[PDB]
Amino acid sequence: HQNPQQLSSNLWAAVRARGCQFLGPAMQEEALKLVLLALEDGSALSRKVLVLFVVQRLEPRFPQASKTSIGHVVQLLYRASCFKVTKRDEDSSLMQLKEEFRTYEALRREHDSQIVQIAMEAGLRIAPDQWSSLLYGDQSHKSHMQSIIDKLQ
């Protein structure tokens, strides 16, 4: 039905329609490792403070980094149920990384699984080779992406 270019443009439109973002393989990897740096020890941050922590540190290598773009990455993890959220009446909620997502491998798998879930919600059928290219810019994460698809079905 759709060629690869069409599947890709429709995938990123569906991601952006949920207030989520993928910043590209290198920038997304660094954004997620900064989320881990802030939260792996169980610190409880508001969205404001997590976004500040990650943006200003990305900015030198990735001048495109904004509150908006990094907020959209944090929203992808939020939609993925990666955070334990503490509500505070008439105040900002605090967020902690659930214990099972306090390594890069586990957090990155949950992140990837959520983008595949968005593809499934949007009716976009994308093969593991295209997923590896989209999320990693290489063909060395095909088996990883295949595993994620099969665990979602």
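Definition used throughout: the rigid core is the maximal C-alpha set that superposes within 1.5 Å between two forms. The first residue of the sequence shown is number 1, and the count goes up from there.
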Seminar exercise, completed: When the rigid core is fixed in 5 other deposited structures of this protein, C-alphas move more for 6 to 14 or 132 to 140; answer is 6 to 14
Exercise. Between 38 to 46 and 120 to 128, which has the larger average Cα B-factor in the PDB entry?
Worked result: 120 to 128
Seminar exercise, completed: For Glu110, the third of its chain by CA B-factor is the middle
Problem set entry | Record-listed C-alpha B factor of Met145: chain third | middle
Seminar exercise, completed: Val15: CA B-factor among chain residues, third -> middle
Problem set entry | Within-chain third of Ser66 by Cα B-factor, per the entry | middle
